[PDB]
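> So that we are looking at the same thing, I have put the structure below in structure tokens.
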Amino acid sequence: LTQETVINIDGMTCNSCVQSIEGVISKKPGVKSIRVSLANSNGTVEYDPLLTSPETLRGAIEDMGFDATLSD
Ligand SMILES: [Ag+]
């Protein structure tokens, strides 16, 4: 079964962030549906636990260069 994580992504300056983030993350193994937002400053990612995790996703966002932290 799949899970979904809301990662708060702060330091998003404009929609280039949205585009780049969703572009990169959509290609990660296990990822399915994705909804990244400038306005809400976050990334709502549906994923497969066995192939990726909230920490992996958060990690990648942090590597790109944003303040990536889980909603909980
Ligand atoms: Ag931007």
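Cβ atoms come from the backbone with ideal geometry, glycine included; neighbour counts cover every protein chain shown. Derivation of every value follows stated rules applied to the coordinates shown; laboratory data play no part.
> To the nearest 0.05, what FRET efficiency results for residue 27 and residue 1 with a Förster distance of 30 Å applied to their C-beta separation?
That gives a FRET efficiency of 0.85.
> Quick check: pseudo-label points 7 Å beyond the Cα along Cα→Cβ at residue 38 and residue 14, how many nm apart are they?
Roughly 0.8 nm, to one decimal.
> I would also like to ask the following. Kindly write out, for segment 55-72 in residue order, the coupling ³J(HN,Hα) from the Karplus curve 6.51 cos²θ - 1.76 cosθ + 1.60 (θ = phi - 60°), rounded to whole Hz, with x marking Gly and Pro.
Couplings: 5, 4, 4, 3, x, 4, 4, 4, 5, 4, x, 9, 6, 9, 8, 6, 4, 8 Hz.
> So what is the calculated 222 nm ellipticity per residue for the chain, using -39500 (n - 2.57) for each DSSP H run with n of 4 or more, over all residues, to the nearest 500 deg cm²/dmol?
Rounded to the nearest 500, the figure is -10000 deg cm²/dmol.
> Work out the length of the dipole vector of the chain about its Cα centre, built from +1 on the beta-carbon of each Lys and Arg and -1 on the beta-carbon of each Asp and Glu, and round it to the nearest 20 debye.
260 debye
> Let me ask something additional. Between helix 15-26 and the chain, what is the angle of the helix's C-alpha long axis to the longest principal axis, kept within 0 to 90° and rounded to the nearest 10?
10 degrees
> Using alpha carbon centroids, what distance separates segment 27-52 and segment 1-26, in Å?
7 Å
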